[PDB]
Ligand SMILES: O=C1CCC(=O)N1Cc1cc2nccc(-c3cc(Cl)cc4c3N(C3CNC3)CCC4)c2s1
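Take a look at this single chain in structure tokens; it is the form deposited without the ligand.
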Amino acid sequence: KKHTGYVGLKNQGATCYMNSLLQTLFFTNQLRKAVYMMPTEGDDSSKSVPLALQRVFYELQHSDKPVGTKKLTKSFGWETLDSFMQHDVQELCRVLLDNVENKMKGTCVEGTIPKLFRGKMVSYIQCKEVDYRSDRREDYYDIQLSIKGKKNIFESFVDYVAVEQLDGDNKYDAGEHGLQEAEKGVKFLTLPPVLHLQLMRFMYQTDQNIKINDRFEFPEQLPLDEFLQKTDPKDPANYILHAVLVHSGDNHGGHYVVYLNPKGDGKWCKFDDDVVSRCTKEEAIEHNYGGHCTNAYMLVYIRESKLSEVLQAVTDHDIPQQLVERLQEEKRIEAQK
């Protein structure tokens, strides 16, 4: 806190990726401000995920001491020894962001989650020998990128938009045209201001969940224009690395950490539960490539054109005085035992 200006989160069990994700969301300043503005005055403290996230964020903004998350884990009901071990980071991110997206309905920050995180892609099936095509628009809040046998993020995105062949016994049911040989793939229509990329190191013969510790390179600056169906000359898809969520160890267990440059200025900090320290750019990026068991499993990028708005400064006045009073009360009631 005193070294860095940022406070850590308590170790309170095998919550795995949770503390890492919480710092990542907290330092999505535009999301943080919108989270503070949610009308939770009449919410039950034991049950409200929205209020629970306001508390963690408030504590992360104000506290000099490591911040606790028991009321938050309670609120979305992941309380068992291995509850976080049975889920992955994108599943947790969906729970938190869905709950927060609901409460923002009928408020000045409605549709903050889609605005920040939601992109558009087209899933197509095109028949080869008959004139039939099926195009369906899909929304995504995150991308699961294949890393096995891939050297870098570029090769992952190439693999993601690669054409799959439907041949032989795997022919596509084209209705009136019967079974048909077809091509199946996805194209990107839009990339969102805040890009959540999970690296599929943790995957499912042998009936075992395994961790791939192979070298996988990701850059500081990531150009994605070449993966868009139609690019905008005014707004190119140039992305800036904001967060590197790191796991040290193997499939069964290990240590979770997040590297952030919160202001998007290339000044990196390591967030290790209660311990926040300054680190080199090299430690945050290159040292988490893995290869020949400490490596990245999730990357956050922010679109260069949206960086200053996404990372817009947060002051103490951005927290509604009502909300401040309710958490001020909670801290006083607990200080009576």
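Note that the rigid core is defined as the largest set of C-alphas that superpose within 1.5 Å between two forms. Numbering starts at 1 and follows the sequence shown.
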Higher-deviation segment by CA RMS in 8 other deposited structures of this protein, core fitted, 236 to 244 or 133 to 141: 133 to 141
Stretch farther from the shown model on average in 8 other deposited structures of this protein, with CA RMS computed after core superposition (79 to 87, 157 to 165): 79 to 87
Entries skipping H292: at least a third of other ones: yes
Count class of deposited residues lacking coordinates, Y204 to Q205: 1 to 3
Between the two ranges 145 to 153 and 97 to 105, the one averaging a larger CA B factor in the entry: 97 to 105
Given 165 to 173 and 111 to 119, the range whose Cα B-factors average higher in the PDB entry: 165 to 173
Residue, from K211, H255, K128, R215, that the PDB entry assigns the highest Cα B-factor: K128
Top residue by Cα temperature factor, when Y160, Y132, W78, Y140 are compared in the entry: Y132
Lowest, middle or highest third - CA B-factor, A313: middle
For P66, the third of its chain into which the C-alpha B factor falls: middle
CA B-factor ranking of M37, expressed as a third of its chain: highest
Ranked C-alpha temperature factor of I240 among modelled chain residues, by third: lowest
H287 by Cα B-factor - lowest, middle or highest third of the modelled chain: middle
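As for the form solved in complex with the ligand, it is not shown, yet the points below apply to it.
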Site status for the ligand placed as in the deposited bound form, C-alpha superposition, 2.4 Å backbone or C-beta test: blocked
The ligand in the deposited bound form: contacting segment from 69 to 77, 228 to 236, 85 to 93, 125 to 133, heavy atom within 4.5 Å: 85 to 93
Touches the ligand in the deposited bound form: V109 (any heavy atom, 4.5 Å): no
Residue contact check: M200 to the ligand in the deposited bound form, 4.5 Å heavy atom: yes
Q165, heavy atom within 4.5 angstroms of the ligand in the deposited bound form: no
Contact flag, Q144 vs the ligand in the deposited bound form, heavy atom cut 4.5 Å: yes
Heavy atom within 4.5 Å of the ligand in the deposited bound form - residue from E220, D250, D265, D159: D250
One residue of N295, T40, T28, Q54 in contact with the ligand, assessed in the deposited bound form (non-hydrogen atom, 4.5 angstroms): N295
